[PDB]
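Here you get one chain, nothing else, as structure tokens; it is the form deposited in one PDB entry.
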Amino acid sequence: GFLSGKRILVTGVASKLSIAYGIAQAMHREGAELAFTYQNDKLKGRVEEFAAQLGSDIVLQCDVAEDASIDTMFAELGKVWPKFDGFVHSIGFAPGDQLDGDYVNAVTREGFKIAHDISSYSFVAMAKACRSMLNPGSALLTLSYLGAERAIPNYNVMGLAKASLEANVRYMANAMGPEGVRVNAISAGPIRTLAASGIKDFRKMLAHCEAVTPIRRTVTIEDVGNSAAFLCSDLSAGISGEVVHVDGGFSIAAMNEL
């Protein structure tokens, strides 16, 4: 496939509904050799089983909250991939409290802190830690959301961390381009996954999206997986520091509901 010969680290898989899951399957379908991380004890099992199904037996622990855990992970991966071709960063978090109701009243200094640490800093931390291990031709990929560009009810502080993340995308691309690494993000339309069902009227929001989105449907993890597979391959050699909208054109339209 267009990814044969590449070695890519996929973080973030948590269920077959996960975006990273759709991204893994698509990169494997195109021939990439895959590696995986899991956050904690609760997820190791799920991730080993999916990794097995996609031909991989590289399943390593990584909590991006901790610098030591990122370094350790890259040390283990190094025994198997002295070098590789990039990773998909598909991680995000904000303390429950942060994403519901009036933004000014919900946010707290801690909430803000954690949300940015886990969703934005964690992307350049992973890069820092594996930098020398990357081949020229490598590609870094993170996942963002429209909340970073416009204020969306309930997304609250996550919008601030996503904005920080896209800017990180730009500064990471400008810093690493000289050594041969590209860095981009996919701004995905809303998809019902684990990380969502626990907040607001996500179901009513999806109905609204399907209605006003130009392609008249919400996007799927297969859609994201395909663009992701592409952003992480040599077919996108001319793209870097870009935030690509894979939301069916939702964001480029206005007042369609009327």
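Sequential numbering from 1, following the sequence displayed. Rigid core: the largest C-alpha set superposing within 1.5 Å between the two forms.
Quick note: we don't show the form deposited in another entry, though the next part is all about it.
When the two forms are overlaid on the rigid core, CA displacement between this form and the one not shown of 2 Å or more is confined, within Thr193, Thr213, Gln61, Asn226, to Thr193. Three angstroms is the minimum change: in the other entry, the CA atoms of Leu194 and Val212 sit closer than in this structure, by 3 Å or more.
Cα-Cα spacing of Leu194 to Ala106 is enlarged in the other entry versus the present form (difference of at least 3 Å).
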